[PDB]
*Asks:* 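One structure, as structure tokens, below. Some questions next.
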Amino acid sequence: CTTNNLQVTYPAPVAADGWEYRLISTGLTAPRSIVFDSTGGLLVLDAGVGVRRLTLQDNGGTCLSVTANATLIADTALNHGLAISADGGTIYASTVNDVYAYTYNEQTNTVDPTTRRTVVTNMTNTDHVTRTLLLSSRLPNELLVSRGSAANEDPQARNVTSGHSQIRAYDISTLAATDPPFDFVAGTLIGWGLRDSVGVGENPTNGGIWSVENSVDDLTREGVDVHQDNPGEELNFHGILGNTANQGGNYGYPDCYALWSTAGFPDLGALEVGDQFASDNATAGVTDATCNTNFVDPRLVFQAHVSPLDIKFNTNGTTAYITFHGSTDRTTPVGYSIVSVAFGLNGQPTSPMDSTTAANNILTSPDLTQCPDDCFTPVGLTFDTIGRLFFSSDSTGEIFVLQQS
Ligand SMILES: *[C@@H]1O[C@H](CO)[C@@H](O)[C@H](O)[C@H]1NC(C)=O
Ligand SMILES: *[C@@H]1O[C@H](CO)[C@@H](O)[C@H](O)[C@H]1NC(C)=O
Ligand SMILES: [Ca+2]
Ligand SMILES: [Ca+2]
């Protein structure tokens with residue numbers, strides 16, 4: 001079954017009925033985004049090291065072993081994002097300021113450092129420093145890049161030209177060898193008002209673009225501290241690449257936040273779960289009505305502070321898997337899990353926007369009071385060619401495989 005028998009060092013994750021998993025790699029520095037190359041190797045963005053390639057021996061199901069590891073790219077500035085071209089010959093990886101493209105030699109499984117070129121630049125800011133990369137499947141030359149806020153409440157997120165808290169799309173086919181990288185704000189605007197939407201994914205049913213949001217910390221409502229269960233994390237819809245419908249809007253940060261818990265909420269009015277409301281620190285003139293009329297509400301909301309970091313859809317588009325990295329801004333911890341959300345034939349969640357039960361648990365921490373110290377912190381997801389799910393846990397240095405049994 002496996003060459004080595006890696007065991008977790010904390011109360012082990014609990015698999016929902018029908019699911020099984022196995023720990024397949026340990027001792028990584030800080031694994032973030034992951035993706036398979038064309039030769040069946042697993043590329044890992046190990047933050048603070050670079051891009052590592054894990055050689056896997058596959059005996060079927062969860063019976064996988066790492067037999068070797070190689071550092072393809074050594075660059076301590078790479079901190080999260082990673083993508084590979086459809087043809088398998090170009091690796092993309094980002095620092096806080098730039099998105100780099102490297103030529104990957106699939107024959108030798110090596111990257112010549114001198115082939116590196118910058119494709120997007122000027123992304124640097126403090127606080128939220130990850131630059132998530134997604135290459136479209138439907139439009140394989142379209143690269144999306146996510147960029148969060150410079151503070152918990154960043155005023156410059158009100159200025160679209162600042163580049164803060166937004167998702168941009170770049171046609172990489174239009175980029176000559178001679179010409180320089182795009183400026184971050186030169187890309188197509190997928191959305192702004194997105195505090196730190198680290199997770200971005202493409203639904204194969206119709207090509208819909210989806211993002212998951214890490215919402216504001218230490219929320220007050222009419223001065224009252226309501227942060228324990230507000231605001232909700234969010235699933236945001238950005239329409240479809242190569243069209244403008246439902247795309248480019250302002251998702252509300254930092255003037256509007258989405259409602260998770262209605263109990264004890266000051267001035268609830270006619271607000272429902274999922275509706276956005278004005279922040280106590282909203283710019284002068286913004287009210288709850290402004291949030292309803294001028295800003296884009298989330299398609300779904302999730303328990304406050306779960307901190308989602310990735311969203312990946314299955315081949316069918318019937319299910320999206322999301323990593324909940326775990327709370328730091330709540331008294332009892334929440335998250336520390338992998339959940340699924342069901343999607344219908346029109347490419348939308350089957351749950352309504354006021355659902356509090358749309359996230360279905362797949363892998364959960366047995367005892368949330370032990371998190372984060374004794375729990376996994378899921379970050380990146382990726383599917384192999386046969387539908388098995390692989391995910392990283394950055395805090396624990398692990399890679400796991402997950403499948404139905
Ligand atoms: C990056 O930003 C600087 C300062 O605004 C700008 O002058 C420079 O041209 C930008 N780089 C690119 C390639 O746009
Ligand atoms: C609003 O700003 C105040 C003062 O900076 C802060 O204490 C409070 O947490 C903020 N409320 C939010 C983020 O909802
Ligand atoms: Ca948060
Ligand atoms: Ca929002």
Side-chain angles (χ1 to χ4, degrees), residues 127-130 146 148-155 157-158 160 164-167 190-200 209-238 246-261 264-267 271-284 286-288 290-309 311 322-336 353-354 371-372 377 379:
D127 193 355
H128 297 98
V129 294
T130 64
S146 196
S149 64
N152 181 46
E153 284 171 305
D154 177 4
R158 277 175 190 109
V160 80
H164 299 193
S165 299
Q166 49 185 262
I167 304 178
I190 303 304
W192 60 309
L194 290 164
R195 180 177 170 279
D196 196 30
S197 285
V198 184
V200 188
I209 299 310
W210 297 89
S211 73
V212 281
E213 171 76 309
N214 283 257
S215 210
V216 80
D217 294 347
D218 302 321
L219 182 80
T220 65
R221 173 56 166 192
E222 261 152 80
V224 182
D225 175 23
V226 61
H227 91 284
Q228 290 301 329
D229 286 290
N230 280 297
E233 299 296 46
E234 320 173 348
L235 171 68
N236 286 305
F237 179 58
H238 307 284
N246 302 125
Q247 180 169 296
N250 185 315
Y251 294 76
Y253 171 81
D255 300 310
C256 311
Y257 296 116
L259 190 67
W260 175 242
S261 180
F265 189 77
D267 183 10
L271 291 179
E272 290 179 78
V273 168
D275 288 338
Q276 296 197 304
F277 56 80
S279 155
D280 280 0
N281 302 312
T283 201
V286 176
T287 75
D288 288 353
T290 315
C291 288
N292 189 275
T293 59
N294 294 34
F295 291 93
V296 187
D297 283 349
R299 182 47 181 81
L300 283 181
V301 274
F302 305 119
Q303 161 71 43
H305 314 279
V306 295
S307 310
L309 292 180
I311 178 164
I322 306 179
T323 50
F324 285 174
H325 196 251
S327 57
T328 65
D329 182 40
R330 197 179 186 266
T331 286
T332 306
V334 286
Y336 303 95
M353 80 177 269
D354 67 338
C371 308
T377 62
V379 176

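Indexing begins at 1, ligand by ligand and atom by atom, following the structure's order. Sequential numbering from 1 along the given sequence is applied to the chain's residues. Basis for what follows: all heavy atoms, side chains included, without hydrogens, waters or symmetry-related copies.
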*Asks:* Please walk me through it: do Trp210 and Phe237 pass ring pair (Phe, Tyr, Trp, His ring centres under 6.0 Å)?
*Replies:* CA-CA 5 Å; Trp210 297 89; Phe237 179 58; 4.6 Å; yes
*Asks:* Establish whether atom 4 (C) of ligand 2 and some protein heavy atom are separated by less than 4.0 angstrom.
*Replies:*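 No; the ligand atom in question lacks any protein heavy-atom contact below 4.0 Å.
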*Asks:* Please tell me whether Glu213 and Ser197 have a donor and an acceptor in their side chains that are separated by less than 3.5 angstrom.
*Replies:*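 Yes.
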*Asks:* Looking only at N/O atoms, are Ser279 and ligand 2 under 3.5 Å apart anywhere?
*Replies:*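 No, since none of the N or O atoms of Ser279 sits under 3.5 Å from an N or O of ligand 2.
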*Asks:* Can you tell if the side chain of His325 reaches within under 4.5 Å of the side chain of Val379, non-hydrogen atoms only?
*Replies:*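 Result yes, sub-4.5 Å side-chain heavy-atom pair found.
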*Asks:* May I ask whether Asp225 places a heavy atom under 4.0 Å from ligand 2?
*Replies:*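 Not so, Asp225 does not reach ligand 2.
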*Asks:* Please confirm if an N, O or S atom belonging to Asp217, backbone or side chain, lies less than 3.0 Å from the Ca ion (ligand 3).
*Replies:*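 It does: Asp217 brings an N, O or S atom closer than 3.0 Å to the Ca ion (ligand 3).
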*Asks:* Provide the number and element of each atom of ligand 2 under 4.0 Å from a heavy atom of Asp217.
*Replies:*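 Taking each heavy atom of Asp217 in turn, ligand 2 has 13 (C) under 4.0 Å.
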*Asks:* What angle, to the nearest 10°, do the atoms NE2 (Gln276) and OE1 (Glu234) form about the Ca ion (ligand 4)?
*Replies:*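 It comes to 120°.
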*Asks:* Of all the heavy-atom pairs spanning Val200 and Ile167, show the shortest one and how long it is.
*Replies:*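 In this case the closest contact between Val200 and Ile167 is CG2-CD1, 3.9 Å.
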*Asks:* I'd like to check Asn214 versus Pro308 (side-chain heavy atoms, cut-off strictly below 4.5 Å). Are they in contact?
*Replies:*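 In short, these two side chains touch, coming nearer than 4.5 Å.
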*Asks:* Would you indicate whether the side-chain heavy atoms of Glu153 and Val216 approach each other to under 4.5 Å?
*Replies:*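 Of all side-chain heavy-atom pairs linking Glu153 with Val216, at least one is under 4.5 Å.
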*Asks:* At a 4.0 Å threshold, what atoms of ligand 2 neighbour a non-hydrogen atom of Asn281?
*Replies:*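 Answer for ligand 2: 1 (C), 2 (O), 3 (C), 8 (C), 10 (C), 11 (N), 12 (C), 13 (C).
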*Asks:* Do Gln276 and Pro298 have side-chain heavy atoms sitting under 4.5 Å apart?
*Replies:*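 Side chain of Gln276 against side chain of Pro298, heavy atoms only: contact under 4.5 Å found.
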*Asks:* I'd like to know: is the Ca ion (ligand 3) within the 3.0 Å range of an N/O/S atom from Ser215, strictly under that distance?
*Replies:*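 It does: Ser215 brings an N, O or S atom closer than 3.0 Å to the Ca ion (ligand 3).
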*Asks:* Check this for me - ligand 2, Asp218, N or O atoms closer than 3.5 angstrom, yes or no?
*Replies:*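 Yes, at least one N or O pair falls under 3.5 Å.
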*Asks:* Which one holds for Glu153 and ligand 2: side chain close, backbone close, both close, or neither close, with close meaning a heavy atom under 4.0 Å?
*Replies:*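 The answer is the side chain.
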*Asks:* Report the residue from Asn230, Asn281, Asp280 that forms a side-chain hydrogen bond (donor to acceptor under 3.5 Å, both in side chains) with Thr220.
*Replies:*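 Of the listed options, the one satisfying the test is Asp280.
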*Asks:* Scan the protein's non-hydrogen atoms and note whether one is under 4.0 Å from atom 14 (O) of ligand 2.
*Replies:*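 For atom 14 (O) of ligand 2 the answer is yes, since some protein heavy atom falls inside 4.0 Å.
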*Asks:* Look only at interatomic distance and state if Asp280 has a nitrogen or oxygen under 3.5 Å from any nitrogen or oxygen of ligand 2.
*Replies:*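 Such a contact does not occur with ligand 2.
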